[PDB]
2 protein chains.
Amino acid sequence: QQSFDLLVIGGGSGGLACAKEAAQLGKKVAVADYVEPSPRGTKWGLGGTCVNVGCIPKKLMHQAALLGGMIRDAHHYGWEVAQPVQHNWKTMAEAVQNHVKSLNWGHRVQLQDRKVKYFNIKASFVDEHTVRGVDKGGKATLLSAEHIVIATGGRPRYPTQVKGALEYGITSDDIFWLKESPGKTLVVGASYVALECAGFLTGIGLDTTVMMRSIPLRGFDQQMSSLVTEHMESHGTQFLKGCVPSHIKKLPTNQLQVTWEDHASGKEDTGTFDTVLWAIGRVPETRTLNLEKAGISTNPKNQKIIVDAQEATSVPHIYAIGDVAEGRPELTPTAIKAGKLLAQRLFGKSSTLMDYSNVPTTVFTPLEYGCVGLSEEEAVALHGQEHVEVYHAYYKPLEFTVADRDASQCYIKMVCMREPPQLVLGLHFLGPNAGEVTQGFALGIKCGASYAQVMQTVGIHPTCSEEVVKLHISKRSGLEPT
Amino acid sequence: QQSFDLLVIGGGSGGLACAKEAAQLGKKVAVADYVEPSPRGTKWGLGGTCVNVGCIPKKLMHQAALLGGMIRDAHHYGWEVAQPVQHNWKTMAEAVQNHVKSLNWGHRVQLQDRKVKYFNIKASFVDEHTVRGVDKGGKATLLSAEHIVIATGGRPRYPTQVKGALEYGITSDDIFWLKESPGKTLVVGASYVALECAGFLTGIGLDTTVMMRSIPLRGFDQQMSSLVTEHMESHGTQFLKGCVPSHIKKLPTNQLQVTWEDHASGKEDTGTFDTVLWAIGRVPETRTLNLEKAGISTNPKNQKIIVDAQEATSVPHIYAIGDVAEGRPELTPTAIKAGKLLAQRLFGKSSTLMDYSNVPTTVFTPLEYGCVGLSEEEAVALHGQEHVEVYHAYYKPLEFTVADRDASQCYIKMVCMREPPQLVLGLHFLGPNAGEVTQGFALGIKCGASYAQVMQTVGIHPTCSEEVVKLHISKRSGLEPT
Ligand SMILES: Cc1cc2nc3c(=O)[nH]c(=O)nc-3n(C[C@H](O)[C@H](O)[C@H](O)COP(=O)(O)OP(=O)(O)OC[C@H]3O[C@@H](n4cnc5c(N)ncnc54)[C@H](O)[C@@H]3O)c2cc1C
Ligand SMILES: Cc1cc2nc3c(=O)[nH]c(=O)nc-3n(C[C@H](O)[C@H](O)[C@H](O)COP(=O)(O)OP(=O)(O)OC[C@H]3O[C@@H](n4cnc5c(N)ncnc54)[C@H](O)[C@@H]3O)c2cc1C
Ligand SMILES: Nc1ncnc2c1ncn2[C@@H]1O[C@H](COP(=O)(O)OP(=O)(O)OC[C@H]2OC[C@H](O)[C@@H]2O)[C@@H](O)[C@H]1OP(=O)(O)O
Ligand SMILES: Nc1ncnc2c1ncn2[C@@H]1O[C@H](COP(=O)(O)OP(=O)(O)OC[C@H]2OC[C@H](O)[C@@H]2O)[C@@H](O)[C@H]1OP(=O)(O)O
């Protein structure tokens with residue numbers, strides 16, 4: 001409607017967190033949220049990427065995949081389950097989507113409850129105080145606010161140069177919302193999204209292939225990333241390595257013929273799929289905002305908004321947070337916390353800056369990969385090989401023994417300073433429930449734990465996590481880690 | 001055979017760990033291990049209580065129980081599993097026992113490999129240097145060693161005053177080794193063993209009742225312990241509260257008639273069961289050792305061996321470790337580490353004492369209960385109510401949402417010093433994979449983490465463990481923790 005103390009652009013992780021906390025500190029607040037449909041026509045309700053097309057539906061479909069492995073395990077443990085059990089996509093999708101819809105509805109209620117006005121409106125900047133929104137019926141509204149927070153996230157990237165990509169392909173925005181099973185799927189890319197989605201698809205019994213141009217998980221510890229794909233490949237996910245697509249043709253059968261260049265052989269290859277998922281990175285949502293008309297600068301390389309440590313862009317009453325802000329982890333919890341701390345600096349007398357250092361993650365691949373702190377390469381880059389010590393182990397989950405499941409690849413490494421007491425720099429855990437395991441150790445890093453303090457931490461037995469506290473074989477010794 | 005550098009009595013967690021590490025430091029070592037059958041005739045191979053009748057088979061049968069819940073979850077996630085699935089005890093038991101046998105065999109091999117002589121012999125002290133062992137064929141052997149380590153563990157207690165208890169009842173020693181299903185089971189006691197076993201029995205579909213005289217889990221945080229049983233009772237485990245048995249009669253049908261006094265009503269009650277499991281604590285294995293003949297003192301109250309900080313009893317060349325040693329957590333990892341550190345102080349020039357402070361545990365109840373540090377009561381006892389701050393939360397695992405499972409009771413509390421930065425004193429987590437979650441936070445405690453450092457630790461999303469790092473509602477505020 002009118003002027004506001006705070007207007008937030010983007011009803012997502014960072015923006016809803018900021019809006020709510022601004023409204024709890026007594027402020028008059030608006031949020032504008034609009035979901036522009038994917039090129040395939042997928043759109044969804046309030047809450048942003050995590051809620052609707054990110055962490056939440058991803059985690060749940062991963063769990064669908066894990067549950068199929070649980071069912072096989074169960075017969076070793078005495079359950080007389082009738083054995084090739086079928087999976088129904090539609091039952092899954094339906095359940096997953098219903099939970100997402102309950103989150104859309106919980107966010108609306110929390111807005112209503114805190115008296116935040118939500119405008120289902122596609123905002124762009126008219127000046128540095130003012131924004132024009134257009135609803136789904138083509139109606140324009142004008143909103144201005146004293147302070148503006150842009151938390152507009154990003155969306156899936158499409159390739160250029162691949163004819164048929166835009167017409168026939170789908171992205172992570174569509175996958176969670178498919179009416180029917182995608183059947184035989186090519187996943188193009190090598191990121192955590194690519195590997196996560198490929199993973200759960202293989203896990204629910206679909207014929208799945210991953211096309212990587214180069215390395216898996218660029219920017220993640222490379223020895224870990226390669227364990228993660230080795231596991232995926234032993235467990236039924238196909239990999240086209242050193243391959244890049246060149247065009248897609250839709251066949252009379254509605255199947256999709258993919259042509260690609262294969263750099264490991266030097267030949268062009270072809271294969272036929274039911275679905276092609278592009279998961280080749282994401283682009284920040286800034287181009288439509290008319291940033292120019294507000295004086296809001298963006299780094300041209302990526303299309304992100306340039307911010308300082310207090311989350312301010314180049315216009316002083318204006319902030320950006322989450323995936324749209326340059327130099328920021330693209331994670332929900334960091335966007336949430338940043339939004340909270342910004343609300344609290346603006347309206348709450350707080351001086352607390354957001355701390356983006358040693359943030360933990362987990363990749364929810366079929367075997368999960370949890371990490372916090374430095375990769376081993378970044379450590380040796382920062383400090384020198386001779387000033388680094390690495391403790392490592394292969395281990396077998398107790399639950400894998402009776403289940404007869406493969407623990408090759410259940411591997412942990414802890415990267416440290418070499419001089420005593422050996423400050424821990426990074427932890428890397430591949431195994432079941434890796435995000436459960438990792439979290440507490442992020443606190444140890446925050447506190448400046450050493451390997452000395454790790455040796456003196458007693459294990460909980462029997463657990464996988466205790467193997468972290470049992471680590472004792474150094475890479476420098478060259479002794480057997482299994 | 002002869003004299004040895006080190007002789008260990010008890011081929012269990014602490015003793016095998018000590019023997020192996022003594023032998024890796026170049027020493028000539030013997031271990032004597034003998035399993036005296038349970039009153040019901042159950043016996044088993046090398047490795048001690050954890051391997052054969054403790055953590056390992058307990059954890060695996062818990063997992064059997066969890067897998068039955070996984071199968072129900074799976075149909076919500078799209079798996080078309082045929083639904084009341086039956087459980088076969090015998091398939092389970094067989095699998096569990098085979099894995100135990102593989103551990104018995106791995107320990108024999110590791111002894112052989114390190115050239116430790118294993119005497120399957122029931123040792124007792126003839127003097128402070130010398131021990132007589134008697135094999136299963138009644139043959140006596142004499143062994144002496146310069147240093148002796150007693151790591152003889154404990155066994156299940158039987159009640160006095162309950163006629164029929166010794167004849168008809170079984171203990172944790174028997175449960176893992178049953179040929180047939182125990183069918184309808186009364187579990188007498190209120191300890192973690194009682195609640196663990198009751199739990200997995202209910203979980204594999206057996207009609208299960210727990211008889212508690214008093215409180216659940218004496219010595220554990222009482223609000224947590226009561227959540228744990230509330231969950232067990234919502235999920236099909238029956239509880240007779242304030243009840244104590246008085247005798248058991250075997251009926252012509254071979255069923256077991258239990259009479260008890262019920263203190264909450266004041267009446268005697270009766271009920272008929274197929275199995276009665278006594279889980280009313282454990283007694284240290286010292287009475288047969290002829291400790292008297294070595295000068296080795298025991299605390300009369302319990303029958304434990306009195307040790308100092310270096311694990312020495314009252315005879316200087318002689319040590320005790322594990323469950324038999326007074327004032328020591330009865331846990332495998334503490335017994336293992338103590339054995340390692342003792343080997344290293346004796347034969348390795350180390351000065352490192354074992355640290356028994358802030359050891360983490362997990363109770364592997366149907367909903368798992370992980371903790372480390374102080375209970376809330378011990379905190380307020382040590383520091384005063386006005387000098388303590390408690391952060392708490394109810395939460396729902398994401399995986400419970402689609403599965404439609406009950407999260408009442410998924411509760412976390414973090415007990416702190418009240419003055420800033422609010423040093424963390426205790427963490428208490430009830431939820432899935434609680435031992436996975438807890439472990440890293442034990443390291444935070446070891447390092448002296450504060451609540452200030454907890455607020456600045458970023459969550460991994462979506463996980464249960466992140467809820468620990470999200471804690472913000474204090475009991476002092478009186479605000480809603482859900
Ligand atoms: C498939 C996938 C899996 C993921 N898995 C995880 C994970 O497991 N853990 C994790 O931490 N993170 C995960 N993430 C990343 C996480 O979702 C993001 O880091 C987070 O959602 C970013 O939140 P945000 O505040 O920056 O913006 P978003 O949640 O992206 O919200 C932006 C909102 O603004 C809207 N918007 C854009 N422009 C306008 C405008 N002009 N007017 C009005 N509204 C507009 C968008 O439609 C959206 O609603 C995943 C992401 C994806 C794609
Ligand atoms: C049902 C149950 C569940 C448990 N769950 C867990 C858990 O999940 N996590 C955990 O950490 N702990 C658990 N424990 C406790 C754990 O098993 C013990 O704390 C640990 O095994 C103690 O090891 P130890 O070295 O003291 O002796 P033990 O493993 O008990 O070994 C003692 C060995 O010595 C033998 N022995 C005794 N006397 C003689 C003698 N005269 N001559 C020769 N040999 C002799 C015994 O038969 C046995 O082999 C559990 C225990 C039980 C009963
Ligand atoms: N065109 C093409 N064809 C086939 N496969 C491809 C292609 N482009 C990328 N990819 C792969 O998919 C992944 C996408 O991740 P990324 O671009 O970093 O994700 P974001 O852009 O969301 O990340 C944001 C920024 O932060 C860090 C990162 O550098 C980004 O610039 C990546 O590992 C790529 O392999 P590749 O060989 O490793 O490039
Ligand atoms: N006779 C009888 N009838 C019915 N139920 C009973 C009976 N005796 C104990 N119990 C219950 O079973 C549990 C056994 O645990 P515990 O004796 O502490 O185990 P341990 O002896 O292995 O522990 C070693 C020591 O360390 C700590 C502890 O104090 C011990 O002394 C306990 O919670 C008891 O309830 P209760 O009401 O709480 O007594």
# chains A, B, ... in the order shown; residues from 1 in each chain; ligands from 1
>>> residues_near_ligand(ligand="ligand 1", cutoff="7 Å", atoms="only C-alpha atoms and all ligand atoms", output="ChimeraX atom specification")
/A:9-15,32-36,46-50,53-55,58-59,121-124,151-154,172,193,285,288-289,321-324,330-333,335-336 /B:460-462
>>> select_by_dssp(residues="segment 186-248 of chain B", states="strand (DSSP E or B)", output="list in words")
residues 186, 187, 188, 208, 209, 210, 211, 212, 238, 239, 240, 241, 243, 244, 245, 246, 247 and 248 of chain B
>>> atom_distance(atom1="atom CA of residue 360 of chain A", atom2="atom CA of residue 372 of chain A")
4.3 Å
>>> select_by_dssp(residues="segment 65-264 of chain B", states="alpha helix (DSSP H)", output="ChimeraX atom specification")
/B:65-76,89-113,165-168,172-175,192-203,222-234
>>> atom_distance(atom1="atom CA of residue 96 of chain A", atom2="atom CA of residue 177 of chain A")
9.1 Å
>>> residues_near_ligand(ligand="ligand 4", cutoff="9 Å", atoms="only C-alpha atoms and all ligand atoms", output="ChimeraX atom specification")
/B:154-162,188-194,211-219,242-245,278-284,301-302,323,326-330
>>> residues_around(residues="segment 419-432 of chain B", least_positions_apart="2", cutoff="6 Å", atoms="only C-alpha atoms", output="list in words")
residues 367, 368, 369, 370, 371, 372, 373, 374, 410, 411, 412, 413, 414, 415, 416, 417, 434, 450, 451 and 452 of chain B
>>> residues_around(residues="residue 396 of chain A", least_positions_apart="5", cutoff="8 Å", atoms="only C-alpha atoms", output="list in words")
residues 401, 407, 410 and 464 of chain A
>>> write_last_selection(atoms="C-alpha atoms", output="compact mmCIF listing (two decimals), in the first residue's frame")
# COMPACT_ATOMS: atom_id res chain seq x y z
CA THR A 401 27.44 -55.01 8.91
CA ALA A 407 31.35 -49.21 3.43
CA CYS A 410 32.86 -44.39 4.37
CA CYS A 464 29.71 -43.46 13.29
>>> residues_around(residues="segment 249-253 of chain B", least_positions_apart="5", cutoff="8 Å", atoms="only C-alpha atoms", output="ChimeraX atom specification")
/B:164,168,258
>>> write_last_selection(atoms="N, CA and C atoms", output="PDB file, in the first residue's frame")
ATOM      1  N   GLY B 164      11.538 -67.995  42.369  1.00  0.00           N
ATOM      2  CA  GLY B 164      11.249 -68.296  40.988  1.00  0.00           C
ATOM      3  C   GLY B 164      12.079 -67.409  40.064  1.00  0.00           C
ATOM      4  N   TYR B 168      13.340 -69.063  36.476  1.00  0.00           N
ATOM      5  CA  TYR B 168      12.488 -68.759  35.343  1.00  0.00           C
ATOM      6  C   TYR B 168      12.888 -67.536  34.567  1.00  0.00           C
ATOM      7  N   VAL B 258       3.486 -63.950  37.155  1.00  0.00           N
ATOM      8  CA  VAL B 258       4.196 -63.009  37.999  1.00  0.00           C
ATOM      9  C   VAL B 258       3.238 -62.353  39.010  1.00  0.00           C
TER      10      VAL B 258
END
>>> atom_distance(atom1="atom CA of residue 85 of chain B", atom2="atom CA of residue 94 of chain A")
24.3 Å
>>> closest_residue(among="B:145, B:166, B:338, B:294", to="ligand 2", atoms="only C-alpha atoms and all ligand atoms")
B:338
>>> residues_around(residues="segment 290-292 of chain A", least_positions_apart="2", cutoff="10 Å", atoms="only C-alpha atoms", output="NGL selection string")
:A and (123-128 or 131 or 286-288 or 294-298 or 305)
>>> residues_around(residues="residue 19 of chain B", least_positions_apart="3", cutoff="8 Å", atoms="only C-alpha atoms", output="list in words")
residues 6, 7, 8, 15, 16, 22, 23, 29, 30, 31, 116, 339 and 343 of chain B
>>> write_last_selection(atoms="N, CA, C and O atoms", output="mmCIF file, in the first residue's frame")
data_model
loop_
_atom_site.group_PDB
_atom_site.id
_atom_site.type_symbol
_atom_site.label_atom_id
_atom_site.label_comp_id
_atom_site.auth_asym_id
_atom_site.auth_seq_id
_atom_site.Cartn_x
_atom_site.Cartn_y
_atom_site.Cartn_z
ATOM 1 N N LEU B 6 53.307 -58.427 31.089
ATOM 2 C CA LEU B 6 51.950 -58.074 31.427
ATOM 3 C C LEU B 6 51.021 -59.299 31.334
ATOM 4 O O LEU B 6 50.963 -60.017 30.303
ATOM 5 N N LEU B 7 50.235 -59.493 32.392
ATOM 6 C CA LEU B 7 49.102 -60.391 32.325
ATOM 7 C C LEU B 7 47.806 -59.568 32.511
ATOM 8 O O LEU B 7 47.708 -58.754 33.436
ATOM 9 N N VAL B 8 46.835 -59.753 31.616
ATOM 10 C CA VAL B 8 45.531 -59.138 31.790
ATOM 11 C C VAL B 8 44.477 -60.202 32.128
ATOM 12 O O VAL B 8 44.378 -61.255 31.478
ATOM 13 N N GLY B 15 40.458 -54.740 28.651
ATOM 14 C CA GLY B 15 41.596 -55.683 28.797
ATOM 15 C C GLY B 15 42.230 -55.983 27.438
ATOM 16 O O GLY B 15 43.483 -56.003 27.294
ATOM 17 N N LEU B 16 41.397 -56.188 26.428
ATOM 18 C CA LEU B 16 41.939 -56.434 25.099
ATOM 19 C C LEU B 16 42.612 -55.214 24.568
ATOM 20 O O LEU B 16 43.654 -55.347 23.925
ATOM 21 N N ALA B 22 49.935 -53.009 24.857
ATOM 22 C CA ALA B 22 51.156 -53.425 25.550
ATOM 23 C C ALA B 22 52.041 -54.206 24.599
ATOM 24 O O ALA B 22 53.221 -53.948 24.516
ATOM 25 N N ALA B 23 51.421 -55.090 23.815
ATOM 26 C CA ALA B 23 52.118 -55.895 22.821
ATOM 27 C C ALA B 23 52.644 -55.077 21.662
ATOM 28 O O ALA B 23 53.653 -55.455 21.098
ATOM 29 N N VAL B 29 53.038 -60.448 26.616
ATOM 30 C CA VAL B 29 51.699 -60.307 27.168
ATOM 31 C C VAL B 29 50.821 -61.577 27.068
ATOM 32 O O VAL B 29 50.816 -62.289 26.038
ATOM 33 N N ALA B 30 50.061 -61.818 28.142
ATOM 34 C CA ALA B 30 49.044 -62.840 28.192
ATOM 35 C C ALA B 30 47.686 -62.179 28.531
ATOM 36 O O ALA B 30 47.622 -61.156 29.256
ATOM 37 N N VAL B 31 46.593 -62.719 27.983
ATOM 38 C CA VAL B 31 45.300 -62.426 28.556
ATOM 39 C C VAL B 31 44.566 -63.720 28.954
ATOM 40 O O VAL B 31 44.595 -64.717 28.227
ATOM 41 N N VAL B 116 50.085 -62.151 21.349
ATOM 42 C CA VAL B 116 49.569 -62.183 22.727
ATOM 43 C C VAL B 116 49.003 -63.581 22.890
ATOM 44 O O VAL B 116 48.278 -64.080 21.999
ATOM 45 N N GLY B 339 42.640 -48.404 29.151
ATOM 46 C CA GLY B 339 43.527 -49.511 28.843
ATOM 47 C C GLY B 339 44.691 -49.070 27.957
ATOM 48 O O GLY B 339 45.854 -49.376 28.231
ATOM 49 N N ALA B 343 48.635 -48.900 29.235
ATOM 50 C CA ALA B 343 49.696 -49.539 28.456
ATOM 51 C C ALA B 343 50.794 -48.523 28.170
ATOM 52 O O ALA B 343 52.008 -48.863 28.273
#
>>> closest_residue(among="B:93, B:65, B:363, B:248", to="ligand 2", atoms="only C-alpha atoms and all ligand atoms")
B:363
>>> closest_residue(among="B:440, B:203, B:84, B:348", to="chain A", atoms="only C-alpha atoms")
B:440
>>> closest_residue(among="B:63, B:270, B:222, B:257", to="chain A", atoms="only C-alpha atoms")
B:63
>>> decode(residues="segment 292-310 of chain B", atoms="N, CA, C and O atoms", output="tab-separated table (two decimals), in the first residue's frame")
chain	number	residue	atom	x	y	z
B	292	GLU	N	41.67	-61.25	48.13
B	292	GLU	CA	42.26	-61.39	49.51
B	292	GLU	C	43.73	-61.85	49.51
B	292	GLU	O	44.58	-61.27	50.21
B	293	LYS	N	44.01	-62.90	48.72
B	293	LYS	CA	45.33	-63.52	48.57
B	293	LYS	C	46.38	-62.67	47.81
B	293	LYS	O	47.55	-63.05	47.71
B	294	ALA	N	45.93	-61.55	47.24
B	294	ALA	CA	46.82	-60.59	46.57
B	294	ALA	C	46.98	-59.25	47.34
B	294	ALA	O	47.88	-58.48	47.02
B	295	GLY	N	46.14	-59.02	48.35
B	295	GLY	CA	46.09	-57.74	49.07
B	295	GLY	C	45.30	-56.68	48.33
B	295	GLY	O	45.37	-55.49	48.67
B	296	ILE	N	44.52	-57.09	47.32
B	296	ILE	CA	43.78	-56.16	46.49
B	296	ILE	C	42.45	-55.78	47.18
B	296	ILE	O	41.56	-56.62	47.40
B	297	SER	N	42.33	-54.50	47.53
B	297	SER	CA	41.15	-54.03	48.24
B	297	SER	C	39.99	-53.73	47.32
B	297	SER	O	40.15	-53.37	46.12
B	298	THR	N	38.81	-53.95	47.90
B	298	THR	CA	37.56	-53.69	47.25
B	298	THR	C	36.71	-52.86	48.19
B	298	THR	O	36.80	-53.00	49.40
B	299	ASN	N	35.89	-52.00	47.62
B	299	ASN	CA	34.91	-51.27	48.39
B	299	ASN	C	33.76	-52.27	48.64
B	299	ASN	O	33.18	-52.74	47.67
B	300	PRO	N	33.47	-52.60	49.94
B	300	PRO	CA	32.44	-53.54	50.40
B	300	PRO	C	31.00	-53.28	49.96
B	300	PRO	O	30.33	-54.26	49.55
B	301	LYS	N	30.51	-52.03	50.08
B	301	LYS	CA	29.23	-51.56	49.45
B	301	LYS	C	28.96	-52.22	48.06
B	301	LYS	O	28.07	-53.08	47.92
B	302	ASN	N	29.70	-51.79	47.05
B	302	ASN	CA	29.72	-52.49	45.76
B	302	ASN	C	30.87	-53.50	45.77
B	302	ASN	O	31.66	-53.55	46.72
B	303	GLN	N	31.01	-54.37	44.80
B	303	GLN	CA	32.14	-55.24	45.05
B	303	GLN	C	33.35	-54.81	44.17
B	303	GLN	O	34.12	-55.67	43.72
B	304	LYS	N	33.50	-53.50	43.97
B	304	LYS	CA	34.42	-52.99	42.95
B	304	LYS	C	35.82	-52.96	43.52
B	304	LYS	O	35.98	-53.05	44.73
B	305	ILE	N	36.81	-52.85	42.64
B	305	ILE	CA	38.24	-52.69	43.01
B	305	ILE	C	38.60	-51.17	43.10
B	305	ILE	O	38.32	-50.39	42.22
B	306	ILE	N	39.18	-50.78	44.21
B	306	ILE	CA	39.51	-49.38	44.49
B	306	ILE	C	40.78	-49.04	43.74
B	306	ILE	O	41.81	-49.72	43.89
B	307	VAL	N	40.69	-47.98	42.94
B	307	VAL	CA	41.82	-47.52	42.12
B	307	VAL	C	42.09	-46.04	42.36
B	307	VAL	O	41.22	-45.35	42.86
B	308	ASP	N	43.32	-45.60	42.06
B	308	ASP	CA	43.70	-44.18	41.99
B	308	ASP	C	43.56	-43.61	40.53
B	308	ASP	O	42.95	-44.28	39.66
B	309	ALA	N	44.09	-42.40	40.29
B	309	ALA	CA	43.96	-41.71	39.01
B	309	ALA	C	44.79	-42.35	37.89
B	309	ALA	O	44.59	-42.09	36.72
B	310	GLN	N	45.73	-43.21	38.28
B	310	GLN	CA	46.69	-43.88	37.39
B	310	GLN	C	46.24	-45.32	37.18
B	310	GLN	O	46.93	-46.08	36.47
